[PDB]
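No Cβ is skipped: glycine too gets one built from the backbone with ideal geometry, and neighbour counts run over all protein chains shown. Where a number appears in this text, it was derived from the coordinates with a stated rule and is not lab data.
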């Protein structure tokens, strides 16, 4: 019964947030933008 | 991005304008303050004069 299946999953998390796509690495770079 | 991050930037600019408002008030309040306090710490009694 259990099978491997390609399933749609979303991409980003906020349309309301900055979708910079760094969002972790930029603020971890924050000594230099 | 959206319709609300512009309001977020509006609150951001508004609170930094309020903070620089507090400085450009209270700096000059202190200017008034120390001018008066220095003028007290120079001005002798009128009755002495």
Any hit, segment B:10-18, residues being within 30 Å of residue A:13 (Cα to Cα) and assigned to a loop (DSSP other than H, G, I, E, B): no
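Per-residue answers, yes or no, for (1) at positive phi; (2) exposed (fewer than 10 other Cβ atoms within 10 Å of the Cβ); (3) away from every other protein chain (no Cβ under 14 Å):
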site: B:2; (1), (2), (3): no, no, no
site: B:5; (1), (2), (3): no, no, no
site: B:16; (1), (2), (3): no, no, yes
site: B:21; (1), (2), (3): no, no, yes
site: B:24; (1), (2), (3): no, no, yes
site: B:48; (1), (2), (3): no, yes, yes
